[PDB]
Protein chains: 2
Amino acid sequence: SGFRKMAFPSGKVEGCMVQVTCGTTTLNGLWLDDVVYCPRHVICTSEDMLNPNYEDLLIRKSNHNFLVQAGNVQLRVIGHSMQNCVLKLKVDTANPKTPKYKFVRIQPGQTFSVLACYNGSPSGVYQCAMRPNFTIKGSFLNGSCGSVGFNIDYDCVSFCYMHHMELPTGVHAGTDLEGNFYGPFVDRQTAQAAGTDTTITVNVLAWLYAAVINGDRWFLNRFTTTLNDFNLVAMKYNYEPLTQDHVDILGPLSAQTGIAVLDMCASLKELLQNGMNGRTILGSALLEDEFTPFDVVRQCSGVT
Amino acid sequence: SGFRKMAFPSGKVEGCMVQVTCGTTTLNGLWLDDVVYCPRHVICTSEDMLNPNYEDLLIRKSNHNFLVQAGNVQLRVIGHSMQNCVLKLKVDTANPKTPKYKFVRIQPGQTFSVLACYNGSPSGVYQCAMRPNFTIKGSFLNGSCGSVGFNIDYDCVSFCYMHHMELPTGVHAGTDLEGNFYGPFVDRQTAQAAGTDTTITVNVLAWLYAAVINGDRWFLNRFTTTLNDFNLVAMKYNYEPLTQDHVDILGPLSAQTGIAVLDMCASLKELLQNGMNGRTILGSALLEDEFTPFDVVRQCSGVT
Ligand SMILES: Cc1ccn2cnnc2c1NC(=O)[C@@H]1CCOc2ccc(Cl)cc21
Ligand SMILES: Cc1ccn2cnnc2c1NC(=O)[C@@H]1CCOc2ccc(Cl)cc21
């Protein structure tokens, strides 16, 4: 027992981190097969970021201007192209450490692990979620761009995020591995409106199921509710509306614990209306929303 | 910016995880050079755990009774010995993936990463701390024994923990890599008294410095205190007493922020006396004590 904000083992992804330098800018790159993926803002200087014309800046760059270093050895760049907000640097050597992989565009509310990197070297790994407003609350300093978000299913790594930016609000924006930003963000140093950061209701309920499984049960009450009644409370508290799809995904957790999804919704409604009253659930004094129902089953069953 | 409960990249340790089976029991092993380290309770059946005589059970075991599998290949066991609560299984092949490493016995209040494993396969990685009562609040299911705790300094892995047990209280006890338990725990299925779980004061102050650095400043007040006055409050709230050694370790964080250690102590005293009043610090509604002053500097500076 015990429940932790657990990340996927990062070994498969560490073997893909490289350093990419173009001019004076250095960021991280992702080497899979003979391609190195990195944010296109690697061609920008600090001045360019205010209003960059990426296509115009790219014309001035050739293959030899992209320095790609994997550990201490230099990779030969034989081609370059810009796909949306990422650069694909074709190299002459396939990464011998390339795991089985996929590129996936995740939905808001989905979780993933981030291997924070600087100069192509890993610093740490943590679990986070794509917020409903398409930002992530990461831990990224200057030089962390190109660090990737991923999930692992047995031996296949599903890369879902590449870090590009920090908004003036301290939150992070990035792209999928095809270079399309999550949300309305652009790779420009300009005022960018992050919308309301709502709580991921289905994840909070999944975490409440994880607490029941691990022994914390004080919040269980004698009440039930309906999806429409629950959603009136959820709206008031800036929670995402719970749908029948969410109830279905919570089916296996409802089955294991013997607590109906709507009964767990009524416990959540009471927790929203009354607060925790100085108590904790799974060592937290707030309702945690960064564990999906799949994460709870995975951690509670020990999937390797 | 942004502050996360970040773990060390787990790649170096994943390359050392093996599966160890003896009779009907299977747990994890740590293969470094030609030795596989694992908990000695691998020789026990569920019945043996109530009152095991390890030396007597070990006599009945020979090298061929320890099945060691690294991925899908079998390792030949050429020797075995019991050192405290761990077994050292000498194999005929040095682990080709052995990183630079050390075995260190950590102090309470020190943090480390855990690579939770089942059947020699990694499931996840999370950061945790050795509690002052010598327990860890992990996420370990049956079969996770032998999973290791470690820290990394550039390229050297310092293994500090090997998981052995879950107390009936849901907390975890284990050993250093020499097989000596942290705390008074024994590898027996018996009632084991975990003492008071105090809060690691120096880590809470380090985390308050991390919050100031990352922009959360509401808790900063107009007050100061003395070490003796602070410690009267710390005692009342089951916090570890702060010493001049702790003040010295917080020196660099005090220097960077310009907030004297005793001034931060007075902010902490007010937070203990008045609570958070429905507010958060670094996304937490409680005072976090699992970041050492070294962790805060490392994360805030991007050490790879
Ligand atoms: C300075 C800094 C600090 C922490 N970071 C955490 N993550 N990235 C940073 C960071 N750098 C940036 O976000 C740069 C600098 C200028 O603004 C933009 C605008 C757009 C894009 Cl794609 C990148 C950037
Ligand atoms: C059953 C279970 C569940 C979650 N775990 C998380 N970690 N280890 C477990 C676990 N198994 C045990 O703790 C065993 C089983 C009997 O009690 C003892 C006593 C002493 C030792 Cl060294 C091991 C064990």
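Here Swiss-Prot sets the residue numbers for chain A, with the shown residues being 3264-3567 in order.
The deposited model was determined using X-ray crystallography, 1.6 Å.
From the backbone N, Cα and C atoms, a Cβ is placed for every residue, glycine too.
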In Swiss-Prot, which of these is labelled ubiquitin cross-link: A:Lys3353, A:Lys3499?
A:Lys3353
When the Cα of A:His3304 (active site, for 3CL-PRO activity) is compared with the Cα of each of the recorded positions A:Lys3268, A:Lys3353, A:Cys3408, which one is closest?
A:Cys3408
When the recorded positions A:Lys3268, A:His3304, A:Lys3353, A:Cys3408 are screened for a C-beta under 8 angstroms from chain B, what remains is A:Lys3268
Fewest C-beta neighbours within 10 angstroms among the recorded positions A:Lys3268, A:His3304, A:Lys3353 belongs to A:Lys3353
Other C-beta atoms that fall within 10 angstroms of the C-beta of A:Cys3408 (active site, nucleophile):
25
Length of the line joining the Cα atoms of A:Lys3353 (ubiquitin cross-link) and A:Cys3408 (active site, nucleophile), in Å
19
Give me the Cα-Cα distance between A:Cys3408 (active site, nucleophile) and A:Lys3268 (ubiquitin cross-link), rounded to a whole Å.
23
Among the recorded positions A:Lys3268, A:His3304, A:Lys3353, name every one whose Cβ is found under 6 angstroms from ligand 1, counting any of its atoms.
A:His3304
